[PDB]
Amino acid sequence: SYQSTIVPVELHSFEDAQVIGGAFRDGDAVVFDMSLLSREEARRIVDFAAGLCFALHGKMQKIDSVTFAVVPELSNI
Amino acid sequence: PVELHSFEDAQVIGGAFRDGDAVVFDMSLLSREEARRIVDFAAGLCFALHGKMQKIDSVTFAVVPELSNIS
């Protein structure tokens with residue numbers, strides 16, 4: 001299946017979750033930074049991302065305190 | 001109708017919804033924080049599977065899977 005190299009996303013508010021969701025839903029891995037978000041917002045981003053991962057059997061990884069990644073299930077027929 | 005007790009129940013909603021079932025959940029027993037975490041998780045769930053979330057009232061929401069239609 002098609003998938004670009006990992007999509008980077010710099011977050012500024014919870015609404016940006018949509019960018020992560022869009023790319024992840026379309027088969028792309030996404031790494032996003034939460035350096036500029038409040039503690040509350042960061043938490044909302046991760047709960048939304050966990051919802052995305054559970055729904056499509058994706059995997060979420062923590063790179064560091066402000067950097068996380070969601071990776072789609074491997075495409076193998 | 002799922003009665004939530006903690007954020008850990010997000011999996012109950014998720015499992016059912018992922019299996020193609022509509023889920024209506026009550027958040028009466030949840031803290032303001034937990035309630036919000038549940039809805040954010042559920043929103044990720046719906047976004048991922050092209051589902052729909054509806055607010056029934058302040059403590060009751062529903063996530064509904066995309067309708068199966070083949071042409």
# chains A, B, ... in the order shown; residues from 1 in each chain; ligands from 1

call {"tool": "residues_around", "arguments": {"residues": "residue B:67", "least_positions_apart": "3", "cutoff": "10 Å", "atoms": "only C-alpha atoms", "output": "list in words"}}
result
residues 20, 50, 51, 64 and 70 of chain B

call {"tool": "select_by_dssp", "arguments": {"residues": "chain A", "states": "helix (DSSP H, G or I)", "output": "ChimeraX atom specification"}}
result
/A:14-25,39-55

call {"tool": "closest_atom_pairs", "arguments": {"of": "chain B", "to": "chain A", "cutoff": "8 Å", "atoms": "only C-alpha atoms", "output": "Markdown table"}}
result
| residue | atom | partner | partner_atom | distance |
| --- | --- | --- | --- | --- |
| B:14 | CA | A:55 | CA | 6.9 |
| B:18 | CA | A:55 | CA | 5.8 |
| B:37 | CA | A:47 | CA | 6.2 |
| B:38 | CA | A:47 | CA | 7.9 |
| B:40 | CA | A:48 | CA | 4.9 |
| B:41 | CA | A:51 | CA | 4.5 |
| B:42 | CA | A:51 | CA | 6.1 |
| B:43 | CA | A:48 | CA | 6.4 |
| B:44 | CA | A:51 | CA | 4.3 |
| B:45 | CA | A:51 | CA | 4.6 |
| B:47 | CA | A:21 | CA | 7.0 |
| B:48 | CA | A:52 | CA | 5.3 |
| B:49 | CA | A:55 | CA | 6.7 |

call {"tool": "residues_around", "arguments": {"residues": "residue A:70", "least_positions_apart": "4", "cutoff": "6 Å", "atoms": "only C-alpha atoms", "output": "list in words"}}
result
residues 29, 30, 59 and 60 of chain A

call {"tool": "write_last_selection", "arguments": {"atoms": "N, CA, C and O atoms", "output": "CSV table (one decimal), in the first residue's frame"}}
result
chain,number,residue,atom,x,y,z
A,29,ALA,N,2.6,7.2,8.8
A,29,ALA,CA,3.0,7.3,10.2
A,29,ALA,C,3.1,8.8,10.4
A,29,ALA,O,3.3,9.5,9.5
A,30,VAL,N,2.9,9.2,11.7
A,30,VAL,CA,3.0,10.6,12.0
A,30,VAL,C,3.8,10.9,13.3
A,30,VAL,O,3.6,10.1,14.3
A,59,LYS,N,0.0,1.8,16.4
A,59,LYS,CA,0.8,1.8,17.6
A,59,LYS,C,1.3,3.2,17.9
A,59,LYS,O,1.8,3.9,17.1
A,60,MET,N,1.3,3.6,19.2
A,60,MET,CA,1.8,4.9,19.6
A,60,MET,C,3.0,4.7,20.4
A,60,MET,O,3.1,3.8,21.3

call {"tool": "residues_around", "arguments": {"residues": "residue B:21", "least_positions_apart": "5", "cutoff": "12 Å", "atoms": "only C-alpha atoms", "output": "VMD selection string"}}
result
chain B and resid 1 12 to 16 46 49 51 to 52 62 to 68

call {"tool": "write_last_selection", "arguments": {"atoms": "N, CA and C atoms", "output": "PDB file, in the first residue's frame"}}
result
ATOM      1  N   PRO B   1     -26.110   0.113  26.859  1.00  0.00           N
ATOM      2  CA  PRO B   1     -25.806   1.460  27.408  1.00  0.00           C
ATOM      3  C   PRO B   1     -24.693   1.338  28.450  1.00  0.00           C
ATOM      4  N   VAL B  12     -13.887  -0.240  26.518  1.00  0.00           N
ATOM      5  CA  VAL B  12     -15.179  -0.889  26.360  1.00  0.00           C
ATOM      6  C   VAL B  12     -15.881  -0.217  25.187  1.00  0.00           C
ATOM      7  N   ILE B  13     -15.870   1.111  25.177  1.00  0.00           N
ATOM      8  CA  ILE B  13     -16.493   1.851  24.088  1.00  0.00           C
ATOM      9  C   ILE B  13     -15.778   1.486  22.785  1.00  0.00           C
ATOM     10  N   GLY B  14     -14.453   1.599  22.802  1.00  0.00           N
ATOM     11  CA  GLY B  14     -13.665   1.297  21.621  1.00  0.00           C
ATOM     12  C   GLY B  14     -13.868  -0.089  21.038  1.00  0.00           C
ATOM     13  N   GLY B  15     -13.838  -1.110  21.889  1.00  0.00           N
ATOM     14  CA  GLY B  15     -14.010  -2.470  21.404  1.00  0.00           C
ATOM     15  C   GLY B  15     -15.320  -2.687  20.670  1.00  0.00           C
ATOM     16  N   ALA B  16     -16.402  -2.198  21.259  1.00  0.00           N
ATOM     17  CA  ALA B  16     -17.719  -2.343  20.662  1.00  0.00           C
ATOM     18  C   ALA B  16     -17.826  -1.560  19.354  1.00  0.00           C
ATOM     19  N   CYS B  46     -14.015   7.782  16.377  1.00  0.00           N
ATOM     20  CA  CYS B  46     -14.916   8.113  15.273  1.00  0.00           C
ATOM     21  C   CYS B  46     -14.190   8.660  14.061  1.00  0.00           C
ATOM     22  N   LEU B  49     -12.510   5.720  12.065  1.00  0.00           N
ATOM     23  CA  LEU B  49     -13.390   4.811  11.347  1.00  0.00           C
ATOM     24  C   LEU B  49     -14.552   5.483  10.639  1.00  0.00           C
ATOM     25  N   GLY B  51     -16.768   7.397  11.769  1.00  0.00           N
ATOM     26  CA  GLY B  51     -17.977   7.243  12.552  1.00  0.00           C
ATOM     27  C   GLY B  51     -18.524   8.604  12.915  1.00  0.00           C
ATOM     28  N   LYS B  52     -19.612   8.630  13.680  1.00  0.00           N
ATOM     29  CA  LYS B  52     -20.222   9.888  14.076  1.00  0.00           C
ATOM     30  C   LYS B  52     -20.455   9.901  15.582  1.00  0.00           C
ATOM     31  N   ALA B  62     -22.966   9.432  22.254  1.00  0.00           N
ATOM     32  CA  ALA B  62     -23.043   8.198  21.486  1.00  0.00           C
ATOM     33  C   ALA B  62     -22.074   8.248  20.317  1.00  0.00           C
ATOM     34  N   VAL B  63     -21.444   7.118  20.020  1.00  0.00           N
ATOM     35  CA  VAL B  63     -20.548   7.038  18.872  1.00  0.00           C
ATOM     36  C   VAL B  63     -21.227   6.024  17.958  1.00  0.00           C
ATOM     37  N   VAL B  64     -21.393   6.402  16.697  1.00  0.00           N
ATOM     38  CA  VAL B  64     -22.072   5.543  15.736  1.00  0.00           C
ATOM     39  C   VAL B  64     -21.228   5.241  14.502  1.00  0.00           C
ATOM     40  N   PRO B  65     -20.997   3.952  14.221  1.00  0.00           N
ATOM     41  CA  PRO B  65     -20.199   3.527  13.065  1.00  0.00           C
ATOM     42  C   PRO B  65     -20.769   3.920  11.711  1.00  0.00           C
ATOM     43  N   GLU B  66     -19.885   4.064  10.730  1.00  0.00           N
ATOM     44  CA  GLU B  66     -20.312   4.431   9.390  1.00  0.00           C
ATOM     45  C   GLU B  66     -21.227   3.322   8.900  1.00  0.00           C
ATOM     46  N   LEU B  67     -22.277   3.708   8.196  1.00  0.00           N
ATOM     47  CA  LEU B  67     -23.259   2.759   7.698  1.00  0.00           C
ATOM     48  C   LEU B  67     -22.760   1.946   6.503  1.00  0.00           C
ATOM     49  N   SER B  68     -22.911   0.627   6.606  1.00  0.00           N
ATOM     50  CA  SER B  68     -22.469  -0.308   5.573  1.00  0.00           C
ATOM     51  C   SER B  68     -23.351  -0.306   4.332  1.00  0.00           C
TER      52      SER B  68
END

call {"tool": "decode", "arguments": {"residues": "stretch 42-77 of chain A", "atoms": "N, CA, C and O atoms", "output": "PDB file, in the first residue's frame"}}
result
ATOM      1  N   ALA A  42      -1.860  18.969  25.560  1.00  0.00           N
ATOM      2  CA  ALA A  42      -1.006  17.831  25.259  1.00  0.00           C
ATOM      3  C   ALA A  42      -1.742  16.545  25.595  1.00  0.00           C
ATOM      4  O   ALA A  42      -1.697  15.577  24.834  1.00  0.00           O
ATOM      5  N   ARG A  43      -2.417  16.541  26.741  1.00  0.00           N
ATOM      6  CA  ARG A  43      -3.153  15.364  27.176  1.00  0.00           C
ATOM      7  C   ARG A  43      -4.295  15.023  26.224  1.00  0.00           C
ATOM      8  O   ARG A  43      -4.537  13.844  25.927  1.00  0.00           O
ATOM      9  N   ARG A  44      -4.996  16.053  25.755  1.00  0.00           N
ATOM     10  CA  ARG A  44      -6.112  15.848  24.837  1.00  0.00           C
ATOM     11  C   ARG A  44      -5.617  15.278  23.513  1.00  0.00           C
ATOM     12  O   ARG A  44      -6.266  14.414  22.914  1.00  0.00           O
ATOM     13  N   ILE A  45      -4.463  15.763  23.062  1.00  0.00           N
ATOM     14  CA  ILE A  45      -3.871  15.291  21.811  1.00  0.00           C
ATOM     15  C   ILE A  45      -3.591  13.792  21.902  1.00  0.00           C
ATOM     16  O   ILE A  45      -3.923  13.033  20.997  1.00  0.00           O
ATOM     17  N   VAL A  46      -2.981  13.376  23.007  1.00  0.00           N
ATOM     18  CA  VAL A  46      -2.638  11.975  23.202  1.00  0.00           C
ATOM     19  C   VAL A  46      -3.850  11.058  23.374  1.00  0.00           C
ATOM     20  O   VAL A  46      -3.838   9.928  22.888  1.00  0.00           O
ATOM     21  N   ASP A  47      -4.899  11.531  24.043  1.00  0.00           N
ATOM     22  CA  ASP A  47      -6.099  10.713  24.195  1.00  0.00           C
ATOM     23  C   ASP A  47      -6.774  10.583  22.830  1.00  0.00           C
ATOM     24  O   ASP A  47      -7.322   9.535  22.490  1.00  0.00           O
ATOM     25  N   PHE A  48      -6.753  11.653  22.040  1.00  0.00           N
ATOM     26  CA  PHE A  48      -7.359  11.579  20.713  1.00  0.00           C
ATOM     27  C   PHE A  48      -6.546  10.587  19.880  1.00  0.00           C
ATOM     28  O   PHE A  48      -7.110   9.713  19.215  1.00  0.00           O
ATOM     29  N   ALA A  49      -5.220  10.701  19.947  1.00  0.00           N
ATOM     30  CA  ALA A  49      -4.334   9.813  19.189  1.00  0.00           C
ATOM     31  C   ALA A  49      -4.460   8.344  19.617  1.00  0.00           C
ATOM     32  O   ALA A  49      -4.300   7.437  18.795  1.00  0.00           O
ATOM     33  N   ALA A  50      -4.739   8.107  20.897  1.00  0.00           N
ATOM     34  CA  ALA A  50      -4.893   6.739  21.387  1.00  0.00           C
ATOM     35  C   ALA A  50      -6.181   6.171  20.795  1.00  0.00           C
ATOM     36  O   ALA A  50      -6.278   4.975  20.514  1.00  0.00           O
ATOM     37  N   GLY A  51      -7.164   7.045  20.614  1.00  0.00           N
ATOM     38  CA  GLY A  51      -8.435   6.635  20.042  1.00  0.00           C
ATOM     39  C   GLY A  51      -8.226   6.226  18.595  1.00  0.00           C
ATOM     40  O   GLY A  51      -8.799   5.240  18.127  1.00  0.00           O
ATOM     41  N   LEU A  52      -7.396   6.988  17.885  1.00  0.00           N
ATOM     42  CA  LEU A  52      -7.084   6.695  16.490  1.00  0.00           C
ATOM     43  C   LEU A  52      -6.379   5.341  16.399  1.00  0.00           C
ATOM     44  O   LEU A  52      -6.703   4.509  15.548  1.00  0.00           O
ATOM     45  N   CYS A  53      -5.398   5.131  17.273  1.00  0.00           N
ATOM     46  CA  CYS A  53      -4.628   3.892  17.265  1.00  0.00           C
ATOM     47  C   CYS A  53      -5.441   2.656  17.595  1.00  0.00           C
ATOM     48  O   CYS A  53      -5.262   1.612  16.972  1.00  0.00           O
ATOM     49  N   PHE A  54      -6.321   2.769  18.582  1.00  0.00           N
ATOM     50  CA  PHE A  54      -7.146   1.641  18.966  1.00  0.00           C
ATOM     51  C   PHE A  54      -8.074   1.263  17.807  1.00  0.00           C
ATOM     52  O   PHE A  54      -8.233   0.084  17.490  1.00  0.00           O
ATOM     53  N   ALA A  55      -8.664   2.268  17.168  1.00  0.00           N
ATOM     54  CA  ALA A  55      -9.590   2.034  16.060  1.00  0.00           C
ATOM     55  C   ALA A  55      -9.001   1.351  14.826  1.00  0.00           C
ATOM     56  O   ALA A  55      -9.696   0.591  14.145  1.00  0.00           O
ATOM     57  N   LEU A  56      -7.735   1.625  14.532  1.00  0.00           N
ATOM     58  CA  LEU A  56      -7.095   1.049  13.357  1.00  0.00           C
ATOM     59  C   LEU A  56      -5.902   0.175  13.705  1.00  0.00           C
ATOM     60  O   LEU A  56      -5.013  -0.034  12.879  1.00  0.00           O
ATOM     61  N   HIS A  57      -5.883  -0.344  14.927  1.00  0.00           N
ATOM     62  CA  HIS A  57      -4.778  -1.191  15.365  1.00  0.00           C
ATOM     63  C   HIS A  57      -3.424  -0.542  15.099  1.00  0.00           C
ATOM     64  O   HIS A  57      -2.490  -1.193  14.631  1.00  0.00           O
ATOM     65  N   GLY A  58      -3.323   0.749  15.394  1.00  0.00           N
ATOM     66  CA  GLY A  58      -2.066   1.438  15.200  1.00  0.00           C
ATOM     67  C   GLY A  58      -1.246   1.334  16.470  1.00  0.00           C
ATOM     68  O   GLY A  58      -1.708   0.798  17.478  1.00  0.00           O
ATOM     69  N   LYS A  59      -0.024   1.846  16.433  1.00  0.00           N
ATOM     70  CA  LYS A  59       0.841   1.798  17.601  1.00  0.00           C
ATOM     71  C   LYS A  59       1.349   3.192  17.938  1.00  0.00           C
ATOM     72  O   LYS A  59       1.815   3.918  17.056  1.00  0.00           O
ATOM     73  N   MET A  60       1.262   3.576  19.207  1.00  0.00           N
ATOM     74  CA  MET A  60       1.772   4.879  19.605  1.00  0.00           C
ATOM     75  C   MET A  60       3.050   4.703  20.412  1.00  0.00           C
ATOM     76  O   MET A  60       3.150   3.826  21.271  1.00  0.00           O
ATOM     77  N   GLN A  61       4.030   5.545  20.112  1.00  0.00           N
ATOM     78  CA  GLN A  61       5.322   5.517  20.778  1.00  0.00           C
ATOM     79  C   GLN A  61       5.680   6.900  21.271  1.00  0.00           C
ATOM     80  O   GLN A  61       5.337   7.901  20.640  1.00  0.00           O
ATOM     81  N   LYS A  62       6.402   6.939  22.382  1.00  0.00           N
ATOM     82  CA  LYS A  62       6.863   8.186  22.956  1.00  0.00           C
ATOM     83  C   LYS A  62       8.340   8.315  22.575  1.00  0.00           C
ATOM     84  O   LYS A  62       9.127   7.405  22.837  1.00  0.00           O
ATOM     85  N   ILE A  63       8.701   9.421  21.930  1.00  0.00           N
ATOM     86  CA  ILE A  63      10.087   9.664  21.524  1.00  0.00           C
ATOM     87  C   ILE A  63      10.750  10.389  22.692  1.00  0.00           C
ATOM     88  O   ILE A  63      11.823  10.003  23.151  1.00  0.00           O
ATOM     89  N   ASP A  64      10.116  11.466  23.142  1.00  0.00           N
ATOM     90  CA  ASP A  64      10.556  12.196  24.331  1.00  0.00           C
ATOM     91  C   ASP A  64       9.337  12.871  24.945  1.00  0.00           C
ATOM     92  O   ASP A  64       8.213  12.584  24.541  1.00  0.00           O
ATOM     93  N   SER A  65       9.546  13.738  25.929  1.00  0.00           N
ATOM     94  CA  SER A  65       8.438  14.393  26.619  1.00  0.00           C
ATOM     95  C   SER A  65       7.449  15.190  25.778  1.00  0.00           C
ATOM     96  O   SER A  65       6.280  15.302  26.143  1.00  0.00           O
ATOM     97  N   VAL A  66       7.904  15.739  24.658  1.00  0.00           N
ATOM     98  CA  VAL A  66       7.023  16.528  23.806  1.00  0.00           C
ATOM     99  C   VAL A  66       6.918  15.948  22.397  1.00  0.00           C
ATOM    100  O   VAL A  66       6.366  16.580  21.493  1.00  0.00           O
ATOM    101  N   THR A  67       7.437  14.739  22.213  1.00  0.00           N
ATOM    102  CA  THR A  67       7.416  14.120  20.897  1.00  0.00           C
ATOM    103  C   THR A  67       6.858  12.705  20.909  1.00  0.00           C
ATOM    104  O   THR A  67       7.414  11.807  21.546  1.00  0.00           O
ATOM    105  N   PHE A  68       5.756  12.509  20.194  1.00  0.00           N
ATOM    106  CA  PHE A  68       5.134  11.192  20.104  1.00  0.00           C
ATOM    107  C   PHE A  68       4.933  10.818  18.649  1.00  0.00           C
ATOM    108  O   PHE A  68       5.029  11.668  17.760  1.00  0.00           O
ATOM    109  N   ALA A  69       4.641   9.544  18.406  1.00  0.00           N
ATOM    110  CA  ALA A  69       4.401   9.083  17.044  1.00  0.00           C
ATOM    111  C   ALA A  69       3.312   8.022  17.000  1.00  0.00           C
ATOM    112  O   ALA A  69       3.198   7.222  17.924  1.00  0.00           O
ATOM    113  N   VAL A  70       2.483   8.046  15.957  1.00  0.00           N
ATOM    114  CA  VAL A  70       1.465   7.014  15.781  1.00  0.00           C
ATOM    115  C   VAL A  70       1.861   6.341  14.475  1.00  0.00           C
ATOM    116  O   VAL A  70       2.160   7.005  13.475  1.00  0.00           O
ATOM    117  N   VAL A  71       1.897   5.017  14.504  1.00  0.00           N
ATOM    118  CA  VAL A  71       2.306   4.223  13.356  1.00  0.00           C
ATOM    119  C   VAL A  71       1.201   3.255  12.954  1.00  0.00           C
ATOM    120  O   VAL A  71       0.709   2.487  13.779  1.00  0.00           O
ATOM    121  N   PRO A  72       0.812   3.267  11.670  1.00  0.00           N
ATOM    122  CA  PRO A  72      -0.249   2.379  11.185  1.00  0.00           C
ATOM    123  C   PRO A  72       0.155   0.917  11.221  1.00  0.00           C
ATOM    124  O   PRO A  72       1.337   0.580  11.298  1.00  0.00           O
ATOM    125  N   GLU A  73      -0.848   0.052  11.165  1.00  0.00           N
ATOM    126  CA  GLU A  73      -0.621  -1.381  11.158  1.00  0.00           C
ATOM    127  C   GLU A  73       0.040  -1.668   9.814  1.00  0.00           C
ATOM    128  O   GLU A  73      -0.298  -1.051   8.806  1.00  0.00           O
ATOM    129  N   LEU A  74       0.986  -2.595   9.797  1.00  0.00           N
ATOM    130  CA  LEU A  74       1.688  -2.926   8.566  1.00  0.00           C
ATOM    131  C   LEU A  74       0.754  -3.484   7.490  1.00  0.00           C
ATOM    132  O   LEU A  74      -0.180  -4.234   7.786  1.00  0.00           O
ATOM    133  N   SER A  75       1.007  -3.095   6.241  1.00  0.00           N
ATOM    134  CA  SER A  75       0.210  -3.552   5.108  1.00  0.00           C
ATOM    135  C   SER A  75       0.833  -4.789   4.491  1.00  0.00           C
ATOM    136  O   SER A  75       1.834  -4.704   3.777  1.00  0.00           O
ATOM    137  N   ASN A  76       0.239  -5.942   4.765  1.00  0.00           N
ATOM    138  CA  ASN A  76       0.751  -7.186   4.223  1.00  0.00           C
ATOM    139  C   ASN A  76      -0.372  -8.123   3.830  1.00  0.00           C
ATOM    140  O   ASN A  76      -1.162  -8.548   4.670  1.00  0.00           O
ATOM    141  N   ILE A  77      -0.458  -8.423   2.541  1.00  0.00           N
ATOM    142  CA  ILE A  77      -1.464  -9.356   2.068  1.00  0.00           C
ATOM    143  C   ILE A  77      -0.692 -10.638   1.795  1.00  0.00           C
ATOM    144  O   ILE A  77      -1.008 -11.668   2.431  1.00  0.00           O
TER     145      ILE A  77
END
